[PDB]
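Written out below as structure tokens is the structure these notes cover.
Every residue, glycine as well, gets a Cβ built from its backbone with ideal geometry; the counts of neighbours run over all protein chains shown. Values in this text are rule-based calculations from the coordinates and carry no lab data.
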Protein chains: 2
Amino acid sequence: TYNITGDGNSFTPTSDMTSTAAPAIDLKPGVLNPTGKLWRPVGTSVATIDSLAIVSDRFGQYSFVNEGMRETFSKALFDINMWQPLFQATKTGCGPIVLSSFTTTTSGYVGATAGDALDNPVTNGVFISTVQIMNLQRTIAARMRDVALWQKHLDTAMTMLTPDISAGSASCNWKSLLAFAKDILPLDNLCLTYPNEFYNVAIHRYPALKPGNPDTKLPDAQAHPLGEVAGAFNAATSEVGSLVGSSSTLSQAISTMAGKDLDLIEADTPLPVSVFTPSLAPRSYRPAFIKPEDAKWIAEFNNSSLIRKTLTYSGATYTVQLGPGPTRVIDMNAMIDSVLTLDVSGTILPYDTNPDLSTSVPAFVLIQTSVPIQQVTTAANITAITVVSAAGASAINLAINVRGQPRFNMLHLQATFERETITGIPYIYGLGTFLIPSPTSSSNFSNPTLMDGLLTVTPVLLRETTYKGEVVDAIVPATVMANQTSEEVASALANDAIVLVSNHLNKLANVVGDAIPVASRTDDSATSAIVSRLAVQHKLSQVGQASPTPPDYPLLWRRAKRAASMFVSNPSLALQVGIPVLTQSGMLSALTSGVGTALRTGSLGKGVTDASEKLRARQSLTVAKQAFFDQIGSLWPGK
Amino acid sequence: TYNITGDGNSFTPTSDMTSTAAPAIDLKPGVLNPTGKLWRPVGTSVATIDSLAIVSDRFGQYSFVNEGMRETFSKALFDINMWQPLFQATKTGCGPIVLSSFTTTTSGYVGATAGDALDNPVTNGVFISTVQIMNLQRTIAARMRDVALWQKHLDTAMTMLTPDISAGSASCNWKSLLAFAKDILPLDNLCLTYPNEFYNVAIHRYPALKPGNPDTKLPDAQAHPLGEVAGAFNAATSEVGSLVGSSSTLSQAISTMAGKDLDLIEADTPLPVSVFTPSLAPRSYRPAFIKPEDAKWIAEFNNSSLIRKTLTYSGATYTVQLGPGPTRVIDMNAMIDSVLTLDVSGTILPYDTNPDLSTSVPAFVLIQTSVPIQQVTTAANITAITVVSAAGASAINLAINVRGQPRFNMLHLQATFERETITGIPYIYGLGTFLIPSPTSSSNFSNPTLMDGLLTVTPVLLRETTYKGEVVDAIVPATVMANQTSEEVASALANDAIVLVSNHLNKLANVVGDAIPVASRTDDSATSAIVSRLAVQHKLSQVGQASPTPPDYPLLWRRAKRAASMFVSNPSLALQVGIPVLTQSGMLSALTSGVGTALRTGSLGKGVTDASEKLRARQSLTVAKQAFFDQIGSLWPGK
């Protein structure tokens, strides 16, 4: 080792030399194997081939060692080796392990099963023991936990004036840098106790950095350790940013395609719930101004009838007062299994002018009658009015009443909508209302009722997702197409085909944006899948002079970017009625499939625009870094 | 190693087997040496004997190694070895050092100085290098700091049901113990992760304990490791408790005698201050009812004179009112150097009935006149009344006045009594008083003054301790004898012979009580020193029939225990006038000297009484421990 406090030392951070170490390694189970355990012909001579017993698992002779695992593991040991002089100095069992010693001869048969192994004998290879690996690992782990302080400290240095030029090249007086470091750095650092080691290590890791003055002749070199190799791959090229990058990126896209299993979209006729549906969340709907026409599970009673005074409790009365748009009728007649999470706040609106101000609560009432709502004109009809959701059913001024306001405190109501509880038959309804025991003046409070907040359906039963009111074991995307208005979608239960499809469709979009250059106005060949479907579809031929469409290739191509772009910008549009060309499921199937091939055999898409731009920005960054260092040079021209 | 969770394992704590390890070793500088550094005859052949150069300190060849240090150090290494299987398992550089490897050949001349070394050549011995010891130590330290958690954990076990029978022998089901341990012990312990190791170690340290079931045949043994040896010396014998004990104890007594240097007491004619005096502390005296006759530095003015109105401040007046026992006159006329730390609390006693209640403070006034106090009858006399000690010299009701009380808050006054400030000549006095600016009615407040609290003399000048007012470079113990009343002693300045002597005398006493059996009525031959002086002194012969004293040996012997006992019970009595036989300094010299011989060649004094008693108590302890374990056996009969 060399005196760190010398002259000649380069501070050359380059893109070429992008910091790297070995942070973590691959340890996937799958990856652990290669492969065959070693066996023997009973134990007697060359006869018993029919029979094998495993070698001495007892304390040694195990399987044929994982070529990759050996190679990997040895590498790992080299990390520690990077700090050998320091370990040694710390007296912390430094002695380089030599993995090879552990990898001991195994001689006989190679195979996974006795079966297979019978056939194959492999003389004088190598095994490793459970015990041995135990103790080997033990060591490595220990080594790591000994370095855990060091690593941190090393890192701090490396950031406290960061030697990282990710793009191109920077240079400044290392001396200058170094001395300001030691003028600014916290005394309590390990770096200040161990300058010499840390720097040595740094130099050994960062080819970007050179030793002090060791031979001021030659402080600098071009050959450093292994590092280099890995660095070249992170360094920006003529046509691409990062090779690893784009490769990874694309591979993540694939694997998400993989997991979606594509096919998903091309489903007319029953595709099973379980298969299509992942994980589901609650949704929030309103009474208020929802639309009875559109909303399957939530409609309204109609103006004109008047069911005013109904007994609500023991000799206690409330006017439900049924007429002009009385909140909403929640149609929970076999509408899967949910929890009617009613979230009332704001809305109280005190009775007109009744001293029934006290004792009036926000409530939920289910109505349980074989008399369809439009028939329900008198008390007789009702069968069952069951007040379900009120809890302490009196009242207190929870409304922010001080300043005139009739804001009602946030309540959480629950109605366990389990259709099994009733099992249909007296078809299931529910209403929302400020229900009282203390009798309300019907003549006075002419309003039926105006309990208008939130209704957060909790679709508990992730079992069996609904296709448009139809409680089915089927999710059929392609037929969902063009059969949904925005209103309908919004209205729809959480448990419904539509949202599920969009969730899947959002992953397709994700892929497309990141991988395919459908960014600011770049029409790419990639987009060809949709156009090919469009092109053939447009064969509107009549008699004589058919459709005189100057070939599809400009025309439809541009139209098709436009509509792709609309898909991308909002995925739900796919499900939304009246969308020019996406209404044709063919084109969506075409896109879906299309992409995968496009990833597959795509010659790594690097947008010309973006390249230049990244180049430029990168350069300017470097400039300002230079200028920073310069300022640092100025303020403490370290030696 | 053996399964700990087996049968056959003994739980036999014995006196014989008193836990021990190697907690710390001797590393006294003195002790580091042995000895001669190794040198060479310049470097040429056998001619240059006249000249030596030290061998290669450079990186190796140093001194002849410390025989003791080698032996010691190797032992130390063995501590770590006690945990070798565990170290190894922890992967913590376990590999047993082998000190011997470090101890490398040195061949040539042996000596301390070139001088000495010239004469002595010692071929092919051994050295150790600075560097080497550096790195060796480093290892050992590291080892220790690795075990620091283990040690603790081991200890906890060993106390959580303590296997320590210091006296005799105990036995109980180890199984029982063990299982209750593991049923009660904290999960977070290292003991519960490492059962097998800890137990092994335990067994290796504690011969008192046997392995589980290793061969249930033979789980038990009588040969354990080295331990044993050390244990036998801590084990109680037929005539003594502990051999180490009594040996140590006595040696501590000697060395305190050593440090006192005996001679101290036998000093008539000037023995130098510095020599006799160690470290000194402040003392606390009262005005109040101290006695002018006895108290050198603190006397009183005498009733009848009346110096009432004296100007105290700028056109502001206080009646010092000098007559009937006015506090005290502190005679600080060349009475060494002190800080007159006046500690007033309680005492305020408001003016008789003057609206001069406000503006009256507890103060100190020094009086600086060549007119001796008894001559001081009018204002003219005073020369100087200097109000020294008041600080904010007005007043506030600091007295706990609410409940009628006239308790004055605790004040801290200071008068830097540096006799150099004045250098005698206008002889130095001081008084204590509630001094006012706001004029006090002399006719009214007829009392002179009653400022009676504490006066804590701070004898700052540990230079030159006073013998009875006489500021001398001499401390003469033997002449102090019989020239001090209890009053005088109490009165005496901190800086005075008397207390110093007692402090020394207290160490003699300490020795005597711990070592010599001058406890509950045991007259021992040891006491013979005093009697032999007594015996010869009693030679009261006249004419004819001289003193018919039935020989000294019962008579004087008993009288002399009595008076020894009185000395022991209070050391100061030695300095106190009128003590029958101790008044003779001869006897104190005799005791002083006497003791040392008595320690020296005493056949290790173990009082018969105490032996039996210790035996008995010890046994009964063991009994109840047995009974405890028994209860533990009961509550969880572990396997």
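Once you reduce the stretch B:512-529 and the stretch A:518-556 to the center of their Cα atoms, the two points are 124 Å from each other. Ignoring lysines fewer than eight residues from B:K291 along the same chain, the ones with Cα atoms less than 22 angstrom from its Cα are B:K468. Amide H contacts under 5 Å for B:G111: B:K37, B:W39, restricted to partners 5 or more places along the chain or on a different chain, H placed in the peptide plane at 1.01 Å from N. Between rounded, prolate and oblate, where does chain A land on the alpha carbon gyration tensor, with a ≥ b ≥ c its root eigenvalues, rounded for a/c under 1.5, else prolate if a/b exceeds b/c? Note, shape of chain A comes out prolate. In terms of the Cα gyration tensor, with a ≥ b ≥ c the square roots of its eigenvalues, is the stretch A:318-456 rounded because a/c is under 1.5, prolate because a/b exceeds b/c, or oblate? Oblate, because a/c is 1.5 or more while a/b does not exceed b/c. Structure note, pairs A:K75/B:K182; B:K210/B:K606; A:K614/A:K639; B:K28/B:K260: Cα-Cα distances above 31 angstrom occur for A:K75/B:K182; B:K210/B:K606; A:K614/A:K639.
Counting every alpha-carbon pair across the stretch B:433-552, the share separated by more than 25 Å comes to 60%.
Counted over all Cα-Cα pairs of the stretch A:333-412, pairs farther apart than 21 Å make up 46 percent.
Report note on the peptides B:494-505, A:392-403: ranked by the mean count of other C-beta atoms within 10 Å, highest first, their order is B:494-505, A:392-403.
All distinct Cα pairs of the protein assembly as shown go into the 1/r average, and the inverse of that average, the Kirkwood radius, is 46.0 Å. In whole percent, what relative contact order does the stretch A:314-435 give with Cα contacts below 8 Å and a gap of six or more residues? Relative contact order, the stretch A:314-435: 45 percent. For the Cα trace of the stretch A:1-109, dividing Rg by the Kirkwood Rh returns an Rg/Rh value of 1.20.
The spacing between the stretch B:326-358 and the stretch A:417-446, judged by their C-alpha centroids, is 94 Å. Rounded to the nearest angstrom and listed largest first, the equivalent-ellipsoid semi-axes of the stretch B:48-195 from its Cα gyration tensor are 48, 18, 10. Between the helical axis of B:552-569 and the dominant principal axis of chain B, each derived from Cα atoms, what acute angle in degrees is found, rounded to the nearest 10? The angle comes out at about 80 degrees.
Listed by chain and number, the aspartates and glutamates whose alpha-carbon sits under 17 Å from that of B:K217, ignoring those within fewer than 8 places in the same chain, are B:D7.
For B:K296, the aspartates and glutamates whose Cα falls under 17 Å of its own Cα, not counting residues fewer than eight places away in the same chain, are B:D331, B:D337, B:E470, B:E487, B:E488, B:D496. The same position B:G513 in the other copies lies at 8.9 nm from this copy, comparing label points 7 Å beyond Cα toward the beta-carbon, shortest first. Between B:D352 and B:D268, the FRET efficiency from the beta-carbon distance, with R0 = 51 Å, is close to 0.40. Restricting the chymotrypsin sites (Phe, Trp or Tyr not before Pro) of the stretch A:1-82 to loop positions (DSSP other than H, G, I, E, B) with no more than 11 neighbouring Cβ atoms within 10 Å leaves A:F59.
Taking 0.36 nm per residue of separation and subtracting the current Cα-Cα distance, fully stretching the chain between B:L99 and B:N381 would add 92.9 nm. Spin-label model, B:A221/B:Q88: points 7 Å from Cα along the beta carbon direction are separated by 1.6 nm. Compute the signed sum of charges (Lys and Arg +1, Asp and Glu -1) over the other residues within less than 13 Å, Cβ to Cβ, of B:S620. Summing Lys/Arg as +1 and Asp/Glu as -1 gives +3. Near B:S441, once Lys and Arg are set to +1 and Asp and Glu to -1 for all other residues with Cβ below 13 Å from its Cβ, the sum equals 0.
Ordering B:12-21, A:247-256 by mean Cβ neighbour count within 10 Å, with the highest value first, yields B:12-21, A:247-256.
The trypsin sites (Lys or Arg not before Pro) of the stretch B:148-230 that DSSP puts in a loop, and whose beta carbon has at most 13 other beta carbons within 10 Å, are B:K217. Here the simple spin-label model places points 7 Å from the Cα toward Cβ, and for B:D188 and B:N483 these points are separated by 6.8 nm. Each listed q (0.23 Å⁻¹) maps to a log10 I(q)/I(0) for the stretch B:388-467, found by the Debye formula over equal Cα scatterers with no solvent: -1.39. Counting GluC sites (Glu not before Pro) as exposed when in a DSSP loop with at most 12 other beta carbons within 10 Å, what is the longest stretch of chain B free of them? Longest stretch, sites excluded: B:294-639. Between A:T256 and B:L615, the distance separating the two model label sites (each 7 Å from Cα on the Cα→Cβ line) works out to 9.1 nm. Using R0 = 56 Å, the C-beta based FRET efficiency linking A:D116 and A:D155 works out to 0.70.
Normalised by the number of residues in the stretch A:469-593, the average gap of Cα pairs under 8 Å and 6 or more apart makes the relative contact order 39 percent.
Averaged over the residues of B:142-148, the number of partner chain Cβ atoms lying within 10 Å of the residue Cβ comes to 1. The C-alpha atoms of chain A define a longest principal axis, and helix A:67-81 lies at about 70 degrees to it. Backbone phi angles across the stretch A:199-211, fed through the Karplus curve with coefficients 6.51, -1.76 and 1.60 (θ = phi - 60°), yield HN-Hα couplings of 4, 3, 4, 2, 4, 6, 9, 9, x, 4, 10, 10, x Hz in residue order; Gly and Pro are listed as x. Multiplying the residue separation of A:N3 and A:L398 by 0.36 nm and subtracting their alpha-carbon distance yields 134.6 nm. The same position B:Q222 in the other copies lies at 8.1 nm from this copy, comparing label points 7 Å beyond Cα toward the beta-carbon, shortest first.
Relative to the longest principal axis of the Cα atoms of chain A, helix A:608-635 runs at roughly 60 degrees. Between the stretch A:96-157 and the stretch B:57-90, the alpha-carbon centres lie 33 Å apart. Chain B's nearest residue to the axis relating it to A, judged by Cβ and reported with the distance in whole Å, is B:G93, 2. Net charge of the neighbourhood of B:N381, taken over other residues with C-beta under 15 Å away and scored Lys/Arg +1, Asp/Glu -1, is +2.
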